[PDB]
Amino acid sequence: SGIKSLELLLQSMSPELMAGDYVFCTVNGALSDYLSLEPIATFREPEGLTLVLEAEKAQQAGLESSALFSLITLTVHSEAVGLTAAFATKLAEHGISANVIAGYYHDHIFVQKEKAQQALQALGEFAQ
Amino acid sequence: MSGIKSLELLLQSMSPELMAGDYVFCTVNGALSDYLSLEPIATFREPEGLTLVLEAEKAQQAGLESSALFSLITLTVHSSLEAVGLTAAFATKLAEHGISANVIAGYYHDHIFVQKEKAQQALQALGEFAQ
C-alpha cells in the first residue's frame with residue numbers, strides 16, 4: 001500500500017499545454033532592470049539572472065536567447081515521492097528534455113516547441 | 001534506444017553542491033515590482049499568483065507566514081536546456097532515497113530545493129556514480 005500509492009498519484013496526473021513561446025535567457029543586472037520584460041520566471045544564478053520570457057519580448061529587447069520552448073503545467077489530483085522521476089522518465093523515453101520550474105501550486109515543464117504536442121500526449125498516458 | 005542513454009546518465013554523479021541559506025516557497029498577490037526589496041532567488045508567475053522563493057528570514061519578517069524550510073543544491077554536471085535524460089536521472093536518484101525535489105531549471109544549471117533535514121542525504125543520492 002506504500003508501493004501502489006504512487007501509481008494512484010500518477011493516474012491522477014493531468015498535463016496542460018499553455019499558450020506562448022518561451023525562451024531562456026541569461027542576463028547581467030538587477031532584477032529591477034528587467035521588470036518591463038514581464039518574465040514568467042526568474043532565477044538568480046551565480047553566473048547571472050535567468051529570465052524565462054516570451055520569445056516575442058526577448059527579440060524586441062534583442063537578447064541572445066535559446067531554442068523556443070512550450071510550457072506544460074502539471075497537475076495532480078492529488079500524495080507520495082517519485083512524481084518528478086515519473087513524468088521526466090516518460091518524456092525522456094520520447095526523446096523529450098524536461099526543464100522544470102517548481103512554482104508554489106504547480107510543476108511547470110518547458111519542452112522544445114517542436115516536441116510540445118508529443119509531450120502532451122505522452123504525459124496524458126498516465127490518466128488511463 | 002533513448003531509454004539506454006537515460007540509464008547511462010542515472011549511473012553518473014550529478015556533481016551536487018550544497019548552497020548557503022534556508023529557503024521557503026511563497027505565493028503572493030500582485031506585481032513582482034512590489035516584492036523586489038525581498039530579493040527573491042526565484043520567481044514564477046502562476047495564474048494563481050506570484051511564486052517567490054526567498055531566504056527563510058527575509059520572508060519571515062516581511063510577514064509572509066512560515067513555510068517548510070528548504071536547502072538548495074546545484075548540479076554542476078555539464079548540460080544544456082535540451083539534454084534528454086538529465087531531469088529523469090537526478091529526479092530518480094532522489095526518489096530512490098525517498099526525497100522529494102522542487103526543481104528549478106536555470107539557464108546554466110538545475111537547482112534543486114529539498115527539505116532542509118534531507119540536505120545531506122540528497123547530496124549523497126545525487127553524488128552517486130558507477131565508475
# chains A, B, ... in the order shown; residues from 1 in each chain; ligands from 1
>>> residues_around(residues="residue A:50", least_positions_apart="4", cutoff="8 Å", atoms="only C-alpha atoms", output="PyMOL selection string")
(chain A and resi 24-27+41-45) or (chain B and resi 106-107)
>>> select_by_dssp(residues="chain B", states="strand (DSSP E or B)", output="PyMOL selection string")
chain B and resi 16-18+23-28+42-46+49-55+70-75+102-105+110-115
>>> closest_residue(among="B:17, B:22, B:34, B:48", to="residue B:110", atoms="only C-alpha atoms")
B:17
>>> interface_residues(of="chain B", to="chain A", cutoff="9 Å", atoms="only C-alpha atoms", output="PDB file with N, CA, C and O atoms, in the first residue's frame")
ATOM      1  N   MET B   1      15.901   3.302 -28.373  1.00  0.00           N
ATOM      2  CA  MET B   1      17.247   3.304 -27.705  1.00  0.00           C
ATOM      3  C   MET B   1      17.510   4.543 -26.834  1.00  0.00           C
ATOM      4  O   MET B   1      18.616   4.733 -26.312  1.00  0.00           O
ATOM      5  N   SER B   2      16.484   5.375 -26.682  1.00  0.00           N
ATOM      6  CA  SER B   2      16.561   6.592 -25.864  1.00  0.00           C
ATOM      7  C   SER B   2      16.586   6.268 -24.357  1.00  0.00           C
ATOM      8  O   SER B   2      17.154   7.025 -23.556  1.00  0.00           O
ATOM      9  N   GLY B   3      15.973   5.142 -23.991  1.00  0.00           N
ATOM     10  CA  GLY B   3      15.961   4.654 -22.616  1.00  0.00           C
ATOM     11  C   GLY B   3      17.311   4.184 -22.091  1.00  0.00           C
ATOM     12  O   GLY B   3      17.564   4.254 -20.889  1.00  0.00           O
ATOM     13  N   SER B   6      19.397   7.291 -21.079  1.00  0.00           N
ATOM     14  CA  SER B   6      18.923   7.704 -19.756  1.00  0.00           C
ATOM     15  C   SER B   6      19.576   6.892 -18.630  1.00  0.00           C
ATOM     16  O   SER B   6      19.963   7.450 -17.607  1.00  0.00           O
ATOM     17  N   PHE B  25       9.081  28.589   0.003  1.00  0.00           N
ATOM     18  CA  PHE B  25       8.230  28.889  -1.141  1.00  0.00           C
ATOM     19  C   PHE B  25       7.019  29.674  -0.674  1.00  0.00           C
ATOM     20  O   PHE B  25       6.441  29.367   0.364  1.00  0.00           O
ATOM     21  N   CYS B  26       6.648  30.694  -1.441  1.00  0.00           N
ATOM     22  CA  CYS B  26       5.528  31.558  -1.101  1.00  0.00           C
ATOM     23  C   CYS B  26       4.738  31.844  -2.339  1.00  0.00           C
ATOM     24  O   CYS B  26       5.288  31.887  -3.440  1.00  0.00           O
ATOM     25  N   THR B  27       3.445  32.054  -2.149  1.00  0.00           N
ATOM     26  CA  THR B  27       2.610  32.616  -3.182  1.00  0.00           C
ATOM     27  C   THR B  27       2.101  33.961  -2.655  1.00  0.00           C
ATOM     28  O   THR B  27       1.738  34.084  -1.481  1.00  0.00           O
ATOM     29  N   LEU B  32       5.456  41.739  -9.266  1.00  0.00           N
ATOM     30  CA  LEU B  32       6.818  41.415  -8.842  1.00  0.00           C
ATOM     31  C   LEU B  32       7.533  42.664  -8.307  1.00  0.00           C
ATOM     32  O   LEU B  32       8.288  42.582  -7.327  1.00  0.00           O
ATOM     33  N   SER B  33       7.278  43.811  -8.947  1.00  0.00           N
ATOM     34  CA  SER B  33       7.859  45.109  -8.557  1.00  0.00           C
ATOM     35  C   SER B  33       7.615  45.490  -7.092  1.00  0.00           C
ATOM     36  O   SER B  33       8.443  46.169  -6.489  1.00  0.00           O
ATOM     37  N   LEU B  36      10.474  43.246  -5.008  1.00  0.00           N
ATOM     38  CA  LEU B  36      11.896  43.344  -5.356  1.00  0.00           C
ATOM     39  C   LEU B  36      12.833  43.472  -4.154  1.00  0.00           C
ATOM     40  O   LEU B  36      13.912  42.876  -4.147  1.00  0.00           O
ATOM     41  N   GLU B  39      14.380  40.497  -2.491  1.00  0.00           N
ATOM     42  CA  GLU B  39      15.469  39.854  -3.243  1.00  0.00           C
ATOM     43  C   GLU B  39      15.278  38.347  -3.420  1.00  0.00           C
ATOM     44  O   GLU B  39      16.135  37.563  -3.001  1.00  0.00           O
ATOM     45  N   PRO B  40      14.154  37.938  -4.041  1.00  0.00           N
ATOM     46  CA  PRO B  40      13.879  36.518  -4.206  1.00  0.00           C
ATOM     47  C   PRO B  40      14.897  35.843  -5.128  1.00  0.00           C
ATOM     48  O   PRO B  40      15.288  36.424  -6.140  1.00  0.00           O
ATOM     49  N   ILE B  41      15.324  34.631  -4.773  1.00  0.00           N
ATOM     50  CA  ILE B  41      16.278  33.894  -5.590  1.00  0.00           C
ATOM     51  C   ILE B  41      15.582  33.379  -6.841  1.00  0.00           C
ATOM     52  O   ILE B  41      16.210  33.231  -7.890  1.00  0.00           O
ATOM     53  N   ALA B  42      14.279  33.135  -6.727  1.00  0.00           N
ATOM     54  CA  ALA B  42      13.476  32.649  -7.839  1.00  0.00           C
ATOM     55  C   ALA B  42      12.090  33.276  -7.842  1.00  0.00           C
ATOM     56  O   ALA B  42      11.596  33.726  -6.812  1.00  0.00           O
ATOM     57  N   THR B  43      11.473  33.281  -9.016  1.00  0.00           N
ATOM     58  CA  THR B  43      10.163  33.886  -9.247  1.00  0.00           C
ATOM     59  C   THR B  43       9.386  33.032 -10.240  1.00  0.00           C
ATOM     60  O   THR B  43       9.953  32.550 -11.213  1.00  0.00           O
ATOM     61  N   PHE B  44       8.102  32.807  -9.991  1.00  0.00           N
ATOM     62  CA  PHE B  44       7.252  32.262 -11.043  1.00  0.00           C
ATOM     63  C   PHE B  44       5.879  32.900 -11.026  1.00  0.00           C
ATOM     64  O   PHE B  44       5.187  32.890 -10.008  1.00  0.00           O
ATOM     65  N   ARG B  45       5.497  33.465 -12.163  1.00  0.00           N
ATOM     66  CA  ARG B  45       4.153  33.989 -12.324  1.00  0.00           C
ATOM     67  C   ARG B  45       3.190  32.873 -12.723  1.00  0.00           C
ATOM     68  O   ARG B  45       3.115  32.478 -13.894  1.00  0.00           O
ATOM     69  N   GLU B  46       2.491  32.343 -11.723  1.00  0.00           N
ATOM     70  CA  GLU B  46       1.438  31.366 -11.942  1.00  0.00           C
ATOM     71  C   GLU B  46       0.114  32.128 -12.089  1.00  0.00           C
ATOM     72  O   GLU B  46      -0.055  33.200 -11.490  1.00  0.00           O
ATOM     73  N   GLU B  48      -2.480  31.495 -10.539  1.00  0.00           N
ATOM     74  CA  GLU B  48      -2.955  31.590  -9.160  1.00  0.00           C
ATOM     75  C   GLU B  48      -2.191  32.631  -8.334  1.00  0.00           C
ATOM     76  O   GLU B  48      -2.460  32.773  -7.136  1.00  0.00           O
ATOM     77  N   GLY B  49      -1.229  33.332  -8.944  1.00  0.00           N
ATOM     78  CA  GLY B  49      -0.416  34.326  -8.232  1.00  0.00           C
ATOM     79  C   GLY B  49       1.085  34.138  -8.384  1.00  0.00           C
ATOM     80  O   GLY B  49       1.545  33.143  -8.946  1.00  0.00           O
ATOM     81  N   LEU B  50       1.847  35.099  -7.868  1.00  0.00           N
ATOM     82  CA  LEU B  50       3.306  35.106  -7.984  1.00  0.00           C
ATOM     83  C   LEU B  50       3.941  34.198  -6.953  1.00  0.00           C
ATOM     84  O   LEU B  50       3.733  34.379  -5.755  1.00  0.00           O
ATOM     85  N   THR B  51       4.700  33.209  -7.424  1.00  0.00           N
ATOM     86  CA  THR B  51       5.542  32.382  -6.545  1.00  0.00           C
ATOM     87  C   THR B  51       6.848  33.122  -6.282  1.00  0.00           C
ATOM     88  O   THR B  51       7.496  33.597  -7.220  1.00  0.00           O
ATOM     89  N   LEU B  52       7.218  33.240  -5.010  1.00  0.00           N
ATOM     90  CA  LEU B  52       8.529  33.755  -4.641  1.00  0.00           C
ATOM     91  C   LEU B  52       9.275  32.679  -3.888  1.00  0.00           C
ATOM     92  O   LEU B  52       8.698  32.022  -3.031  1.00  0.00           O
ATOM     93  N   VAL B  53      10.547  32.487  -4.220  1.00  0.00           N
ATOM     94  CA  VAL B  53      11.428  31.635  -3.425  1.00  0.00           C
ATOM     95  C   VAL B  53      12.414  32.569  -2.742  1.00  0.00           C
ATOM     96  O   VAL B  53      13.141  33.304  -3.394  1.00  0.00           O
ATOM     97  N   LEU B  81      19.871  23.128 -21.997  1.00  0.00           N
ATOM     98  CA  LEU B  81      18.397  23.150 -21.890  1.00  0.00           C
ATOM     99  C   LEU B  81      17.690  22.159 -22.853  1.00  0.00           C
ATOM    100  O   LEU B  81      16.453  22.139 -22.956  1.00  0.00           O
ATOM    101  N   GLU B  82      18.479  21.351 -23.563  1.00  0.00           N
ATOM    102  CA  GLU B  82      17.946  20.238 -24.363  1.00  0.00           C
ATOM    103  C   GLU B  82      18.834  18.982 -24.304  1.00  0.00           C
ATOM    104  O   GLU B  82      19.230  18.433 -25.337  1.00  0.00           O
ATOM    105  N   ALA B  83      19.140  18.541 -23.086  1.00  0.00           N
ATOM    106  CA  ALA B  83      19.787  17.254 -22.875  1.00  0.00           C
ATOM    107  C   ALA B  83      18.749  16.273 -22.328  1.00  0.00           C
ATOM    108  O   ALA B  83      18.249  16.429 -21.203  1.00  0.00           O
ATOM    109  N   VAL B  84      18.405  15.276 -23.134  1.00  0.00           N
ATOM    110  CA  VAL B  84      17.351  14.338 -22.756  1.00  0.00           C
ATOM    111  C   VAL B  84      17.879  13.256 -21.805  1.00  0.00           C
ATOM    112  O   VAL B  84      18.883  12.588 -22.092  1.00  0.00           O
ATOM    113  N   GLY B  85      17.197  13.108 -20.669  1.00  0.00           N
ATOM    114  CA  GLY B  85      17.565  12.128 -19.654  1.00  0.00           C
ATOM    115  C   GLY B  85      18.030  12.716 -18.333  1.00  0.00           C
ATOM    116  O   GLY B  85      18.005  12.026 -17.320  1.00  0.00           O
ATOM    117  N   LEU B  86      18.448  13.983 -18.336  1.00  0.00           N
ATOM    118  CA  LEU B  86      19.045  14.601 -17.155  1.00  0.00           C
ATOM    119  C   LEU B  86      18.079  14.792 -15.980  1.00  0.00           C
ATOM    120  O   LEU B  86      18.415  14.456 -14.844  1.00  0.00           O
ATOM    121  N   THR B  87      16.884  15.313 -16.255  1.00  0.00           N
ATOM    122  CA  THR B  87      15.886  15.514 -15.205  1.00  0.00           C
ATOM    123  C   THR B  87      15.435  14.182 -14.634  1.00  0.00           C
ATOM    124  O   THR B  87      15.307  14.042 -13.418  1.00  0.00           O
ATOM    125  N   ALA B  88      15.208  13.211 -15.519  1.00  0.00           N
ATOM    126  CA  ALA B  88      14.866  11.859 -15.117  1.00  0.00           C
ATOM    127  C   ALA B  88      15.956  11.254 -14.215  1.00  0.00           C
ATOM    128  O   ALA B  88      15.643  10.661 -13.178  1.00  0.00           O
ATOM    129  N   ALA B  89      17.224  11.431 -14.598  1.00  0.00           N
ATOM    130  CA  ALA B  89      18.381  10.930 -13.834  1.00  0.00           C
ATOM    131  C   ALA B  89      18.437  11.459 -12.411  1.00  0.00           C
ATOM    132  O   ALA B  89      18.422  10.668 -11.473  1.00  0.00           O
ATOM    133  N   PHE B  90      18.483  12.782 -12.242  1.00  0.00           N
ATOM    134  CA  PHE B  90      18.557  13.348 -10.893  1.00  0.00           C
ATOM    135  C   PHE B  90      17.300  13.158 -10.050  1.00  0.00           C
ATOM    136  O   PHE B  90      17.405  12.860  -8.856  1.00  0.00           O
ATOM    137  N   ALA B  91      16.129  13.298 -10.678  1.00  0.00           N
ATOM    138  CA  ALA B  91      14.852  13.051 -10.030  1.00  0.00           C
ATOM    139  C   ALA B  91      14.728  11.609  -9.538  1.00  0.00           C
ATOM    140  O   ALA B  91      14.211  11.371  -8.438  1.00  0.00           O
ATOM    141  N   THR B  92      15.196  10.658 -10.349  1.00  0.00           N
ATOM    142  CA  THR B  92      15.238   9.238  -9.976  1.00  0.00           C
ATOM    143  C   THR B  92      16.182   8.942  -8.810  1.00  0.00           C
ATOM    144  O   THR B  92      15.822   8.168  -7.917  1.00  0.00           O
ATOM    145  N   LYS B  93      17.383   9.528  -8.829  1.00  0.00           N
ATOM    146  CA  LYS B  93      18.356   9.328  -7.759  1.00  0.00           C
ATOM    147  C   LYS B  93      17.803   9.785  -6.410  1.00  0.00           C
ATOM    148  O   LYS B  93      18.039   9.142  -5.381  1.00  0.00           O
ATOM    149  N   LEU B  94      17.095  10.913  -6.429  1.00  0.00           N
ATOM    150  CA  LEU B  94      16.441  11.459  -5.248  1.00  0.00           C
ATOM    151  C   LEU B  94      15.255  10.604  -4.781  1.00  0.00           C
ATOM    152  O   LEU B  94      15.132  10.331  -3.592  1.00  0.00           O
ATOM    153  N   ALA B  95      14.387  10.195  -5.708  1.00  0.00           N
ATOM    154  CA  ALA B  95      13.230   9.369  -5.380  1.00  0.00           C
ATOM    155  C   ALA B  95      13.621   8.024  -4.780  1.00  0.00           C
ATOM    156  O   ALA B  95      12.945   7.527  -3.890  1.00  0.00           O
ATOM    157  N   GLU B  96      14.716   7.443  -5.261  1.00  0.00           N
ATOM    158  CA  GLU B  96      15.228   6.186  -4.724  1.00  0.00           C
ATOM    159  C   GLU B  96      15.560   6.239  -3.240  1.00  0.00           C
ATOM    160  O   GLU B  96      15.639   5.199  -2.583  1.00  0.00           O
ATOM    161  N   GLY B  98      13.766   8.391  -1.179  1.00  0.00           N
ATOM    162  CA  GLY B  98      12.568   8.934  -0.571  1.00  0.00           C
ATOM    163  C   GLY B  98      12.611  10.430  -0.380  1.00  0.00           C
ATOM    164  O   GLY B  98      12.029  10.944   0.570  1.00  0.00           O
ATOM    165  N   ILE B  99      13.293  11.120  -1.293  1.00  0.00           N
ATOM    166  CA  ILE B  99      13.461  12.574  -1.244  1.00  0.00           C
ATOM    167  C   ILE B  99      12.673  13.278  -2.355  1.00  0.00           C
ATOM    168  O   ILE B  99      12.887  13.029  -3.547  1.00  0.00           O
ATOM    169  N   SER B 100      11.746  14.148  -1.963  1.00  0.00           N
ATOM    170  CA  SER B 100      11.040  14.963  -2.935  1.00  0.00           C
ATOM    171  C   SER B 100      11.823  16.212  -3.310  1.00  0.00           C
ATOM    172  O   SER B 100      12.423  16.871  -2.465  1.00  0.00           O
ATOM    173  N   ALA B 101      11.824  16.513  -4.599  1.00  0.00           N
ATOM    174  CA  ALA B 101      12.596  17.614  -5.142  1.00  0.00           C
ATOM    175  C   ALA B 101      11.698  18.671  -5.770  1.00  0.00           C
ATOM    176  O   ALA B 101      10.779  18.349  -6.538  1.00  0.00           O
ATOM    177  N   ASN B 102      11.977  19.927  -5.437  1.00  0.00           N
ATOM    178  CA  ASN B 102      11.419  21.060  -6.152  1.00  0.00           C
ATOM    179  C   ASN B 102      12.496  21.639  -7.021  1.00  0.00           C
ATOM    180  O   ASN B 102      13.390  22.324  -6.544  1.00  0.00           O
ATOM    181  N   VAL B 103      12.410  21.318  -8.303  1.00  0.00           N
ATOM    182  CA  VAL B 103      13.432  21.611  -9.284  1.00  0.00           C
ATOM    183  C   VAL B 103      13.169  22.979  -9.893  1.00  0.00           C
ATOM    184  O   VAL B 103      12.040  23.263 -10.288  1.00  0.00           O
ATOM    185  N   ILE B 104      14.191  23.838  -9.953  1.00  0.00           N
ATOM    186  CA  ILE B 104      14.129  24.992 -10.852  1.00  0.00           C
ATOM    187  C   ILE B 104      15.279  24.938 -11.847  1.00  0.00           C
ATOM    188  O   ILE B 104      16.444  24.999 -11.460  1.00  0.00           O
ATOM    189  N   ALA B 105      14.947  24.784 -13.127  1.00  0.00           N
ATOM    190  CA  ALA B 105      15.944  24.814 -14.198  1.00  0.00           C
ATOM    191  C   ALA B 105      16.391  26.252 -14.433  1.00  0.00           C
ATOM    192  O   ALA B 105      15.571  27.125 -14.747  1.00  0.00           O
ATOM    193  N   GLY B 106      17.684  26.502 -14.243  1.00  0.00           N
ATOM    194  CA  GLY B 106      18.270  27.801 -14.558  1.00  0.00           C
ATOM    195  C   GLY B 106      18.842  27.713 -15.956  1.00  0.00           C
ATOM    196  O   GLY B 106      18.849  26.634 -16.560  1.00  0.00           O
ATOM    197  N   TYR B 107      19.317  28.838 -16.482  1.00  0.00           N
ATOM    198  CA  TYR B 107      19.944  28.849 -17.799  1.00  0.00           C
ATOM    199  C   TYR B 107      21.162  27.918 -17.868  1.00  0.00           C
ATOM    200  O   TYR B 107      21.309  27.154 -18.836  1.00  0.00           O
ATOM    201  N   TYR B 108      22.018  27.987 -16.838  1.00  0.00           N
ATOM    202  CA  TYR B 108      23.249  27.182 -16.747  1.00  0.00           C
ATOM    203  C   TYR B 108      23.107  25.843 -16.052  1.00  0.00           C
ATOM    204  O   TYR B 108      23.604  24.839 -16.557  1.00  0.00           O
ATOM    205  N   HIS B 109      22.448  25.815 -14.898  1.00  0.00           N
ATOM    206  CA  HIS B 109      22.344  24.571 -14.147  1.00  0.00           C
ATOM    207  C   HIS B 109      20.954  24.338 -13.595  1.00  0.00           C
ATOM    208  O   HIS B 109      20.175  25.265 -13.455  1.00  0.00           O
ATOM    209  N   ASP B 110      20.664  23.088 -13.260  1.00  0.00           N
ATOM    210  CA  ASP B 110      19.479  22.765 -12.483  1.00  0.00           C
ATOM    211  C   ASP B 110      19.731  23.027 -11.012  1.00  0.00           C
ATOM    212  O   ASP B 110      20.809  22.740 -10.488  1.00  0.00           O
TER     213      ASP B 110
END
>>> select_by_dssp(residues="chain B", states="helix (DSSP H, G or I)", output="PyMOL selection string")
chain B and resi 2-10+32-34+36-38+56-60+86-95+116-126
>>> residues_around(residues="residue A:17", least_positions_apart="4", cutoff="7 Å", atoms="only C-alpha atoms", output="list in words")
residues 71, 72, 73 and 120 of chain A
>>> write_last_selection(atoms="C-alpha atoms", output="mmCIF file, in the first residue's frame")
data_model
loop_
_atom_site.group_PDB
_atom_site.id
_atom_site.type_symbol
_atom_site.label_atom_id
_atom_site.label_comp_id
_atom_site.auth_asym_id
_atom_site.auth_seq_id
_atom_site.Cartn_x
_atom_site.Cartn_y
_atom_site.Cartn_z
ATOM 1 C CA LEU A 71 5.033 25.364 -21.210
ATOM 2 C CA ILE A 72 3.182 22.399 -19.742
ATOM 3 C CA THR A 73 1.656 22.852 -16.310
ATOM 4 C CA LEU A 120 1.332 16.465 -24.007
#
>>> atom_distance(atom1="atom CA of residue A:78", atom2="atom CA of residue A:13")
8.1 Å
>>> residues_around(residues="residue A:61", least_positions_apart="4", cutoff="9 Å", atoms="only C-alpha atoms", output="PyMOL selection string")
chain A and resi 37+56-57
>>> write_last_selection(atoms="N, CA and C atoms", output="mmCIF file, in the first residue's frame")
data_model
loop_
_atom_site.group_PDB
_atom_site.id
_atom_site.type_symbol
_atom_site.label_atom_id
_atom_site.label_comp_id
_atom_site.auth_asym_id
_atom_site.auth_seq_id
_atom_site.Cartn_x
_atom_site.Cartn_y
_atom_site.Cartn_z
ATOM 1 N N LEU A 37 10.095 43.622 -19.146
ATOM 2 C CA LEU A 37 10.072 42.427 -19.999
ATOM 3 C C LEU A 37 9.000 41.409 -19.584
ATOM 4 N N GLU A 56 8.814 36.635 -28.207
ATOM 5 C CA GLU A 56 8.483 37.957 -28.721
ATOM 6 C C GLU A 56 9.306 39.022 -27.993
ATOM 7 N N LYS A 57 9.120 39.115 -26.674
ATOM 8 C CA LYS A 57 9.809 40.090 -25.816
ATOM 9 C C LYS A 57 11.340 40.001 -25.854
#
>>> residues_around(residues="residue B:120", least_positions_apart="6", cutoff="12 Å", atoms="only C-alpha atoms", output="MDAnalysis selection string")
chainID B and resid 16:19 71:73 94 97 99 114 126:127
>>> decode(residues="stretch 17-69 of chain A", atoms="C-alpha atoms", output="PDB file, in the first residue's frame")
ATOM      1  CA  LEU A  17      -0.203  22.774 -22.643  1.00  0.00           C
ATOM      2  CA  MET A  18      -0.210  26.563 -22.137  1.00  0.00           C
ATOM      3  CA  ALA A  19      -0.095  29.396 -24.697  1.00  0.00           C
ATOM      4  CA  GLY A  20       3.043  31.282 -25.736  1.00  0.00           C
ATOM      5  CA  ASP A  21       6.559  30.592 -26.959  1.00  0.00           C
ATOM      6  CA  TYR A  22       9.228  30.841 -24.318  1.00  0.00           C
ATOM      7  CA  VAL A  23      12.954  31.251 -24.274  1.00  0.00           C
ATOM      8  CA  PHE A  24      15.622  31.003 -21.561  1.00  0.00           C
ATOM      9  CA  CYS A  25      17.963  33.985 -21.351  1.00  0.00           C
ATOM     10  CA  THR A  26      20.793  34.807 -19.020  1.00  0.00           C
ATOM     11  CA  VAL A  27      21.441  38.483 -18.258  1.00  0.00           C
ATOM     12  CA  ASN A  28      23.718  40.561 -16.037  1.00  0.00           C
ATOM     13  CA  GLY A  29      21.951  43.139 -13.923  1.00  0.00           C
ATOM     14  CA  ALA A  30      19.481  43.804 -11.157  1.00  0.00           C
ATOM     15  CA  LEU A  31      16.118  42.065 -11.420  1.00  0.00           C
ATOM     16  CA  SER A  32      14.592  45.595 -11.381  1.00  0.00           C
ATOM     17  CA  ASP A  33      16.148  46.359 -14.819  1.00  0.00           C
ATOM     18  CA  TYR A  34      14.156  43.588 -16.488  1.00  0.00           C
ATOM     19  CA  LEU A  35      10.709  44.111 -14.974  1.00  0.00           C
ATOM     20  CA  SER A  36       9.253  45.679 -18.162  1.00  0.00           C
ATOM     21  CA  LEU A  37      10.072  42.427 -19.999  1.00  0.00           C
ATOM     22  CA  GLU A  38       7.448  40.694 -17.777  1.00  0.00           C
ATOM     23  CA  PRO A  39       9.239  37.343 -17.432  1.00  0.00           C
ATOM     24  CA  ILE A  40       7.158  34.300 -16.452  1.00  0.00           C
ATOM     25  CA  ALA A  41      10.097  33.001 -14.387  1.00  0.00           C
ATOM     26  CA  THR A  42      13.275  34.235 -12.747  1.00  0.00           C
ATOM     27  CA  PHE A  43      16.301  32.550 -11.141  1.00  0.00           C
ATOM     28  CA  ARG A  44      19.360  34.275  -9.721  1.00  0.00           C
ATOM     29  CA  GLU A  45      22.328  32.014 -10.630  1.00  0.00           C
ATOM     30  CA  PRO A  46      25.887  32.945  -9.587  1.00  0.00           C
ATOM     31  CA  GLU A  47      26.566  33.305 -13.357  1.00  0.00           C
ATOM     32  CA  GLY A  48      23.714  35.843 -13.712  1.00  0.00           C
ATOM     33  CA  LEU A  49      19.930  36.312 -13.754  1.00  0.00           C
ATOM     34  CA  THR A  50      17.947  33.650 -15.599  1.00  0.00           C
ATOM     35  CA  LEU A  51      14.922  35.109 -17.362  1.00  0.00           C
ATOM     36  CA  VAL A  52      12.230  32.887 -18.820  1.00  0.00           C
ATOM     37  CA  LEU A  53      10.192  35.102 -21.134  1.00  0.00           C
ATOM     38  CA  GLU A  54       8.031  35.194 -24.246  1.00  0.00           C
ATOM     39  CA  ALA A  55      10.212  34.856 -27.359  1.00  0.00           C
ATOM     40  CA  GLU A  56       8.483  37.957 -28.721  1.00  0.00           C
ATOM     41  CA  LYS A  57       9.809  40.090 -25.816  1.00  0.00           C
ATOM     42  CA  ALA A  58      13.294  38.516 -25.918  1.00  0.00           C
ATOM     43  CA  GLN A  59      13.946  39.599 -29.506  1.00  0.00           C
ATOM     44  CA  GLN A  60      12.195  43.011 -29.038  1.00  0.00           C
ATOM     45  CA  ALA A  61      14.848  43.651 -26.374  1.00  0.00           C
ATOM     46  CA  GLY A  62      17.426  41.886 -28.574  1.00  0.00           C
ATOM     47  CA  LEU A  63      18.587  39.325 -26.001  1.00  0.00           C
ATOM     48  CA  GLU A  64      20.607  36.285 -27.121  1.00  0.00           C
ATOM     49  CA  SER A  65      18.165  33.585 -26.028  1.00  0.00           C
ATOM     50  CA  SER A  66      17.668  29.876 -26.712  1.00  0.00           C
ATOM     51  CA  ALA A  67      15.559  27.498 -28.779  1.00  0.00           C
ATOM     52  CA  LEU A  68      11.798  28.049 -28.465  1.00  0.00           C
ATOM     53  CA  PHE A  69      10.063  26.199 -25.608  1.00  0.00           C
TER      54      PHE A  69
END
